[PDB]
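Residues in the sequence shown are numbered consecutively from 5, following the deposited numbering. Note that the Cβ used here is the ideal one computed from N, Cα and C, for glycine as well.
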Amino acid sequence: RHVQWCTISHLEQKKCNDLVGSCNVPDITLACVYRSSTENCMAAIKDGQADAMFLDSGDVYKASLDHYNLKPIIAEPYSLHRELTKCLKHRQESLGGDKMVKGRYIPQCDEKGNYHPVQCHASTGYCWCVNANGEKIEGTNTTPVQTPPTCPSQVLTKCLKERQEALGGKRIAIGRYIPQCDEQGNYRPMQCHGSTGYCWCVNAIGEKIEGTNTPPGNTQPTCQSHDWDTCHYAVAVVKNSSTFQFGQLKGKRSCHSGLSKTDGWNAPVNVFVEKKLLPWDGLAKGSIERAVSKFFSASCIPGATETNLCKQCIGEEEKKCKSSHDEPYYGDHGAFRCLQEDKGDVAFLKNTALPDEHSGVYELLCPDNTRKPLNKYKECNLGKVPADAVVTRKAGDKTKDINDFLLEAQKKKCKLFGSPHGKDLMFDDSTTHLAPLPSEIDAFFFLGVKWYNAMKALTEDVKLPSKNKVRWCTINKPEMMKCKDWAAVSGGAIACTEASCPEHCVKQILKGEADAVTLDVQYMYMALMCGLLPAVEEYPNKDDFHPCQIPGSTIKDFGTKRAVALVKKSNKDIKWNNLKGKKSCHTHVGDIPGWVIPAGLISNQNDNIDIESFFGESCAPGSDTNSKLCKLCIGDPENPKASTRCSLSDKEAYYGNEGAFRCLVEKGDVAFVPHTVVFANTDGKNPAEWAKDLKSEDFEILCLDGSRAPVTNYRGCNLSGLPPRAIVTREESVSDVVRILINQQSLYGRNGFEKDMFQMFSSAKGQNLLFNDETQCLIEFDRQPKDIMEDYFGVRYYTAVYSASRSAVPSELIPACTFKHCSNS
Ligand SMILES: NC(=O)OC[C@@H]1N=C(N)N2CCC(O)(O)[C@@]23N=C(N)N[C@@H]13
């Protein structure tokens with residue numbers, strides 16, 4: 005296997021060439037491909053001439069556009085603020101679950117708040133080993149009959165690991181730095197070198213604070229404790245021999261890391277525009293670069309075309325002003341060098357390129373027109389900037405090879421992150437670890453919506469869409485056509501977009517491409533984790549139309565289904581707590597009332613043991629035919645050769661709500677179904693023979709507390725009620741979407757004033773297009789002061805299906821859409 009790294013300069017090619025020699029990764033061979041600039045490497049990766057390079061966040065954005073179609077795959081992790089430990093968060097969530105779901109696992113945390121490596125389930129006596137994330141090591145379950153397993157100690161903290169590694173087996177790495185750790189195992193804020201006498205500050209994860217390095221014999225530095233803000237900061241660095249302030253920059257000479265860099269271009273320019281130091285607001289006044297050419301007298305801005313913006317660079321011949329180290333003033337350290345050599349009056353870079361030493365001739369130019377010392381960048385800066393990232397082709401044909409190589413090179417301690425030949429070659433010299441990004445991340449989710457739009461805003465006038473119009477997202481062609489019919493009558497309040505599926509609609513809404521979509525329950529966990537909110541919900545209750553006629557009035561019964569455990573009045577010995585091994589009937593695999601809710605509760609109370617093994621003989625269409633979940637099934641439509649048992653079809657006699665009812669009455673101890681199935685097929689409501697004369701009073705429903713009740717009390721004796729379907733949108737668009745939909749509904753709902761013009765809740769083009777056809781009306785979501793998960797799902801459903809946890813991953817989009825960002829206010 006090979007990885008071809010694209011380099012942008014001779015220095016970097018030489019360093020990459022050194023790694024080809026010095027770094028030995030079995031099975032994966034590195035190679036180095038030279039191009040003359042960041043942009044020529046981007047094109048090489050797009051063409052397959054190379055596979056990977058490291059890019060500044062600004063170029064990550066540029067590379068994500070159709071010209072190059074690259075995506076970020078690997079980056080250094082960062083932190084915004086101190087967080088609860090996972091174990092303590094987990095305890096809090098599980099303890100907040102529905103107390104009526106008894107016997108749930110509550111994690112055991114240690115005196116540092118981490119997971120004990122041995123975890124146990126009180127009500128079942130099972131124990132198992134966990135990793136530091138609290139995830140079970142599969143295959144370590146031991147039963148109460150046995151003693152608790154022996155589990156490897158948890159991995160050490162970075163500091164204690166780095167301490168042990170620095171000791172490297174010996175009694176002391178004599179003459180070498182050994183980190184000093186606190187009791188929680190984080191880095192002490194002040195670190196000192198035990199041989200040179202130098203001291204400096206680090207943040208809680210051990211990154212050095214620039215401007216704090218102090219030689220022995222000087223007053224100790226002042227170090228902040230509990231510093232978990234590890235985002236990088238754009239800064240303007242000046243010499244203390246000058247005296248102008250930030251607002252007096254017009255006409256000065258400047259050094260920038262580069263035209264396409266966030267710290268060298270986007271962050272300063274954004275501030276120039278907000279302060280009105282640049283006469284410029286939109287693409288009507290020209291290009292940003294041209295306006296910047298009028299602002300400064302002479303600069304070095306690698307990659308610029310305007311002449312005075314290259315005037316201060318010092319690259320030889322065609323190398324002058326290239327986005328490449330062949331230009332000595334390129335990049336963070338190049339712009340600092342340009343200040344240091346007095347080609348500029350100010351350099352624009354980020355805190356990680358500031359001098360380490362406290363004492364010296366440099367300080368920061370704050371945008372509030374004061375100056376502050378190097379180590380105050382957190383209060384003297386031009387904004388946090390995004391992380392930088394390794395990129396490859398969107399297709400991801402080499403992603404695994406690139407990740408594997410960098411993981412092994414780092415394990416082996418290869419010299420990735422420094423070099424004799426120069427600074428920031430291949431990777432930033434400040435980098436300490438590169439980790440894989442979420443598999444579905446793209447530039448939008450990596451940079452985050454604020455920096456993504458801010459960088460877009462410099463390249464084109466972004467016309468923000470009207471708050472008086474809802475762009476509805478459709479998932480198939482008939483929906484799109486119903487939506488074009490709505491738009492035609494809507495007077496412009498409705499417009500349409502198209503996507504392949506509900507999750508891509510969620511993505512469009514996150515990215516500002518659509519405004520609203522109706523979601524099945526099964527997509528709501530993903531949509532709420534990504535940060536959308538219910539705006540209105542589908543009210544399905546055919547009996548009481550009062551909530552629709554007089555909106556706002558309190559709702560007696562929302563009308564959603566209730567999942568119940570149905571058994572015969574005869575079978576008196578079956579309770580909830582003894583269903584194990586019995587014979588059960590399920591509408592079909594994947595049904596929420598017939599399967600998801602039952603499977604969730606069983607997993608919750610039996611250590612995630614397969615619902616397949618929990619029951620003896622059961623019928624659940626959609627399972628394997630040789631499995632015990634199909635043995636009770638029959639099929640026999642026309643009693644044909646291919647009776648299609650467990651068929652997910654009406655060819656299976658036991659499929660669906662009625663079908664699960666048959667399976668119970670004929671050969672079953674329990675059926676999992678909506679609370680309506682029994683009534684719908686007893687009291688002779690079903691003319692068929694098996695249901696004829698069945699009567700409702702002959703059955704009852706199991707309650708979670710072991711008791712029972714008659715089928716009529718499904719509201720107080722159910723496995724869980726389902727929440728209604730919801731129309732979701734962005735938080736800041738909820739009020740608009742509510743306002744527009746409730747107006748549309750006054751015209752085109754079931755009692756709409758113009759319901760002859762258009763009907764929201766039906767169509768000739770197909771069934772349940774945009775909304776479910778049985779919707780009575782849409783009702784504004786009355787947001788409560790609680791976790792939205794519990795607010796939207798209801799506590800019972802939340803804990804039964806998701807263990808009342810924010811950590812389930814039913815869609816691979818969740819890690820990408822919850823990725824945290826380095827954004828400003
Ligand atoms: N009557 C009624 O059932 O209203 C439903 C409405 N929307 C939900 N999905 N919910 C589930 C839980 C809940 O409290 O019923 C609720 N949460 C809020 N905020 N209002 C309710």
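What first and last residue would you give for the beta strand (DSSP E) that runs through residue i?
i, result
"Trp476", "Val474 to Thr478"
"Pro538", "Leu537 to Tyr543"
"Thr311", "That residue, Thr311, is in no beta strand (DSSP E); it is neither H nor E in DSSP."
"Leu171", "Counting along the chain, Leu171 falls outside any beta strand (DSSP E), though it belongs to the alpha helix (DSSP H) covering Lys162 to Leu171."
"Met57", "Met57 to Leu59"
"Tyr38", "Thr33 to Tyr38"
"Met194", "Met194 to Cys196"
"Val732", "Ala730 to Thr733"
"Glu502", "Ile498 to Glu502"
"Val715", "From DSSP, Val715 is part of no beta strand (DSSP E); its letter is neither H nor E."
"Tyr130", "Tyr130 to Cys133"
"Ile705", "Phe703 to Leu706"
"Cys203", "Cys203 to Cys205"
"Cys124", "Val122 to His125"
"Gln8", "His6 to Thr11"
Quick check on the burial criterion: 16 or more other C-beta atoms within 10 angstroms. Buried or exposed for residue i?
i, result
"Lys790", "exposed"
"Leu69", "exposed"
"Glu278", "exposed"
"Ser631", "exposed"
"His85", "exposed"
"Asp519", "buried"
"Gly255", "exposed"
"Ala79", "buried"
"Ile176", "exposed"
"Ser815", "buried"
"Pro551", "buried"
"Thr223", "exposed"
"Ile178", "exposed"
"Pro156", "exposed"
"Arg719", "exposed"
Excluding the five sequence neighbours on either side, which residues of its own chain have a C-beta within less than 8 angstroms of the C-beta of residue i, listed in chain order?
i, result
"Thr89", "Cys113, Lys116, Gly117 and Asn118"
"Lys689", "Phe683 and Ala695"
"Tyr752", "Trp490, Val493, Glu758, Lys759, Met761, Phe762, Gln763 and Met764"
Looking only at its own chain, which residues have a Cβ that is under 7 angstroms from the Cβ of residue i, when we skip the five neighbours before and after it?
i, result
"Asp428", "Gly335, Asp336 and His337"
"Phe775", "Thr522, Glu542, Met764 and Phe765"
"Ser13", "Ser328, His329 and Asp330"
"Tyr796", "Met528, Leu532, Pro538, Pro727 and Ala730"
"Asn217", "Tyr202, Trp204, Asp360, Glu361 and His362"
The alpha helix (DSSP H) with residue i in it runs from where to where?
i, result
"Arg666", "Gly660 to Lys671"
"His337", "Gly335 to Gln344"
"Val466", "Neither: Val466 is in no alpha helix (DSSP H) and is coded neither H nor E."
"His14", "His14 to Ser26"
"residue 1", "Absent from the structure is residue 1, since the part of the chain shown begins at 5 and ends at 829."
"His508", "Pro506 to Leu514"
"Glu483", "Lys481 to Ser494"
"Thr680", "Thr680 to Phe683"
"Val525", "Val525 to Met533"
"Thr42", "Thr42 to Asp51"
Only counting the same chain, and skipping five residues up and downstream in sequence, which positions put a Cβ closer than 6 angstroms to that of residue i?
i, result
"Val24", "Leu34"
"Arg566", "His679, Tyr718, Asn722 and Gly725"
Q) Between the segment 571-589 and the segment 652-670, do at least 3 Cβ pairs fall closer than 8 angstroms? A) yes
Q | Every unbroken alpha helix (DSSP H) within the segment 80-115, with a cutoff of 4 residues, ordered by chain | A | 90-99
Q | Stretch-stretch touch, CB-based, cutoff 8 angstroms, three pairs: the segment 717-735 with the segment 810-828 | A | no
Q: May I ask you to verify whether the segment 650-659 touches the segment 605-619, counting CB pairs closer than 8 angstroms and requiring at least 3?
A: no
(Q) For a minimum of 4 consecutive residues, which ranges assigned as the alpha helix (DSSP H) are wholly contained in the segment 538-597? (A) 550-553
Q. Can we say the segment 425-440 touches the segment 475-483, given the rule of at least three CB pairs closer than 8 angstroms?
A. no
Q: Write down every uninterrupted run of the beta strand (DSSP E) in the segment 351-430 whose length is 3 residues or greater and which is fully enclosed by it, in chain order.
A: 366-369 and 393-397
**Q.** Continuous alpha helix (DSSP H) assignments of at least 4 residues falling wholly in the segment 207-278
**A.** 271-278
Q. Could you give the uninterrupted runs of the beta strand (DSSP E) lying entirely in the segment 741-801, keeping only those of 3 residues or more?
A. 781-784
**Q.** Given 8 angstroms, three or more beta-carbon pairs between the segment 494-514 and the segment 524-540
**A.** yes
(Q) Would you call the segment 45-53 in contact with the segment 369-377, where contact means no fewer than 3 C-beta pairs closer than 8 angstroms? (A) no
Q: Please confirm if the segment 698-711 is in contact with the segment 590-604, defined as three or more CB-CB distances below 8 angstroms between the two stretches.
A: no
Q. For the segment 301-314 against the segment 252-272, are there 3 or more C-beta pairs whose distance is under 8 angstroms?
A. yes
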